[PDB]
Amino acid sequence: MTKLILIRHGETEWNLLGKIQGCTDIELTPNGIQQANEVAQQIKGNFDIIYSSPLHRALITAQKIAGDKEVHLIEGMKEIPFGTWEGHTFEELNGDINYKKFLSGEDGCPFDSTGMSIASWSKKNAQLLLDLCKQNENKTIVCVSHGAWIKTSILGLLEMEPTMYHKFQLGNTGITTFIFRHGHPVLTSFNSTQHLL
């Protein structure tokens, strides 16, 4: 009865503008702080351990959810880097050879000029997540992270192809949960946002 709970952080200013926010340590907006509270309430402490990205937008979200538990930082849960895309909107990326390969699945859907892609991040982030579940078997695990990172984890966990990435939309504070049957992750929910008013 291992349960994995992945939670995208609250709203930032860059999120509102559509600016690709990777490694830039943007803070929550005031609405984003509220999203974190509302999602903390829904949880009502129903978990054993809670992990988080080191970026403040995640970490602050995690801390509200945790109440009185320690929030464990995992550096591997930081958001995926986007290189020369950082700061840009997707409209500003039209006619970038790498972005046409992102939409198209060519080359595993490369992220900018980082050397990495949806394909690699999926294996890589799925590997991390499993080991973290073996480490905490028969427990309910929460992980506060980011949109590109959580989406690739879903693709990695359920073995989907890189292009499926674009068929998911994961909003702020959206909950995504798995369980295991028998050794394989089973998606029991994705981007649940009913706690948002």
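From 1 onward, residues are counted along the sequence shown.
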### Query
With respect to the recorded C-alpha B factors, which stretch has the higher mean value, 145-153 or 45-53?
45-53
### Query
Averaged over C-alpha atoms, is the B-factor higher for 12-20 or for 177-185 in this PDB entry?
177-185
### Summary
For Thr89, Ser122, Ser113, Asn94, the deposited C-alpha B-factor is largest at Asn94
### Task
Return the residue from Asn31, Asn136, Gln169, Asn172 that has the highest Cα B-factor in the entry.
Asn136
### Summary
Among the modelled residues of its chain, the C-alpha B-factor of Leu6 falls in the third labelled lowest
### Task
State the tercile, meaning the lowest, middle or highest third, of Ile74 with respect to the CA B-factors recorded for its chain.
middle
### Query
Relative to the other modelled residues in the chain, which third contains the C-alpha temperature factor of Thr193: lowest, middle or highest?
highest
### Task
State the tercile, meaning the lowest, middle or highest third, of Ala126 with respect to the CA B-factors recorded for its chain.
middle
### Message
Among the modelled residues of this chain, does the Cα B factor of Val39 put it in the lowest, middle or highest third?
### Response
middle
